[PDB]
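Trainee: This is the structure, below, for whatever I ask next.
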Amino acid sequence: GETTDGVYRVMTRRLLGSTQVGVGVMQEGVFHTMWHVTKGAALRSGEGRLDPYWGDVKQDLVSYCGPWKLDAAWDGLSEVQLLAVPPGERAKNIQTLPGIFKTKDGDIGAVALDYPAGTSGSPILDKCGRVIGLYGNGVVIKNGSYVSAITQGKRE
Amino acid sequence: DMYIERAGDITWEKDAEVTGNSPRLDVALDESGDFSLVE
Ligand SMILES: NCCc1cccc(NC(=O)c2cc(Cl)cc(NC(=O)OCc3ccccc3)c2)c1
Numbered sequence: 016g017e018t019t020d021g022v023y024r025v026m027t028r029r030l031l032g033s034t035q036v037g038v039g040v041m042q043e044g045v046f047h048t049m050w051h052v053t054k055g056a057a058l059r060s061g062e063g064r065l066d067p068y069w070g071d072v073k074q075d076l077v078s079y080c081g082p083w084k085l086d087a088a089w090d091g092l093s094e095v096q097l098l099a100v101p102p103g104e105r106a107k108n109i110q111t112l113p114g115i116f117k118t119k120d121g122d123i124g125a126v127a128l129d130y131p132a133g134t135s136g137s138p139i140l141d142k143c144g145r146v147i148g149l150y151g152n153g154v155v156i157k158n159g160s161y162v163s164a165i166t167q168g169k170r171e
Numbered sequence: 050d051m052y053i054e055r056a057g058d059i060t061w062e063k064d065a066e067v068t069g070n071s072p073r074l075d076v077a078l079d080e081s082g083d084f085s086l087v088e
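Right, dumping it as structure tokens:
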């Protein structure tokens, strides 16, 4: 199948027509997405198959064909870009200054941008174009607004 | 059965639309990967 680096849609034909369930990143021959998008199931890419390699429900992340490769981190000061890939719509970069998720185990960057659930797995990038995490696991705040964590995996 | 379709390159876009705010929120993360607001 196509293994060129880039952002990809994750589609399914189980439901009505072809539905976009999420998004992912292809980098160094490994496909990276959120666990809740595929539930760790195998994926098709043309006539080829992608098999899960690593996953973790608590991190809400999964990698296919190899170990998690993305290791860039938000610097805590600079604006970032969500490369949003919404269902049925063109890939579009949206710039924003991330907020903070304060937890008992440390602080995590957060992006306050509102997209359909099928946008889950869209990469958040730094000014160098490096993927600092994936969009789609977060919380619904008081005013019904959605705030996603900047979810990044560990590179062994 | 699920499949992937290329949507584009991963690049920074100069002069992209700038929006969203930067909230500081106290949160908890459970074993199921669900974030919740702490109050
Ligand atoms: N917690 C384990 C992981 C998990 C499991 C299952 C799902 C998720 N993620 C999400 O539900 C999710 C993802 C994104 Cl990209 C956006 C949104 N929210 C949003 O923008 O919603 C807009 C809206 C419009 C009309 C009515 C209601 C909502 C949610 C994580």
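These protein sequence lines are chains B and A, in that order.
Add 15 to the 1-based position in the first sequence for the authors' numbering, that's all there is to it.
Add 49 to the 1-based position in the second sequence for the authors' numbering, that's all there is to it.
Here a beta-carbon is modelled for each residue, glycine too, at the ideal position from N, C-alpha and C.
(1) So, is residue 188 of chain B buried or exposed, given that buried needs 16 or more other C-beta atoms within 10 angstroms?
(2) Between B/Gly148 and A/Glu88, what straight-line distance do the alpha-carbon atoms span, to the nearest angstrom?
(3) What are the residues in the segment 46 to 61 of chain B lying within 8 Å of chain A by C-beta distance?
(4) Run the CB neighbour count on A/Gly69, radius 10 Å, all protein chains shown included, and call it buried at 16 or more, exposed below.
(5) Quick check on DSSP: helix, strand or coil for B/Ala132?
(6) Considering just the uninterrupted stretch of the beta strand (DSSP E) at B/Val126, what are its terminal residues?
(7) Mapping DSSP to helix, strand and coil, what is B/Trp83?
(8) Distance check for B/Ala87 and B/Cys143, CA to CA, integer angstroms please.
(9) Using a Cβ-Cβ cutoff of less than 8 Å, which residues in the same chain neighbour B/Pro82 once the five nearest sequence positions on both sides are dropped?
(10) Would B/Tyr130 pass as an interface residue toward chain A - the criterion being a Cβ-Cβ separation below 9 Å?
(11) Candidates B/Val36, B/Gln35, B/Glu94: which alpha carbon is nearest residue 195 of chain B's?
Mentor: This is what the structure gives:
(1) Residue 188 of chain B is absent from the structure shown; chain B starts at 16 and stops at 171.
(2) If you number the first sequence from 1, residue 148 of chain B lands on position 133. If you number the second sequence from 1, residue 88 of chain A lands on position 39. C-alpha separation (whole angstroms): 27 Å.
(3) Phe46, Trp50, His51, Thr53, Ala56, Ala57, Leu58, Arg59, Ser60
(4) Taking the second sequence and counting its residues from 1, one reaches residue 69 of chain A at position 20. When all chains shown are included, A/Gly69 counts as buried.
(5) Taking the first sequence and counting its residues from 1, one reaches residue 132 of chain B at position 117. Looking at B/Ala132 - three-state DSSP - the assignment turns out to be helix.
(6) Here residue 126 of chain B refers to the residue found at position 111 when the first sequence is read from its first residue. Note, B/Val126: beta strand (DSSP E), 121 to 126.
(7) If you number the first sequence from 1, residue 83 of chain B lands on position 68. Coil.
(8) For the purposes of this step, residue 143 of chain B is identified with residue 128 of the first sequence, where counting begins at 1. For the purposes of this step, residue 87 of chain B is identified with residue 72 of the first sequence, where counting begins at 1. Roughly 10 Å separates the two Cα atoms.
(9) Taking the first sequence and counting its residues from 1, the one referred to as residue 82 of chain B is at position 67. Once the five neighbours on either side are set aside, the close Cβ partners of B/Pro82 are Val45, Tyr68, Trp69, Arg170, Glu171.
(10) Within the first sequence, numbered from 1, the residue matching residue 130 of chain B stands at position 115. Taking Cβ atoms only, chain A never reaches closer than 9 Å to B/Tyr130, which makes this a no.
(11) The shown model of chain B, from 16 to 171, leaves out residue 195 of chain B, and the question about it has no answer.
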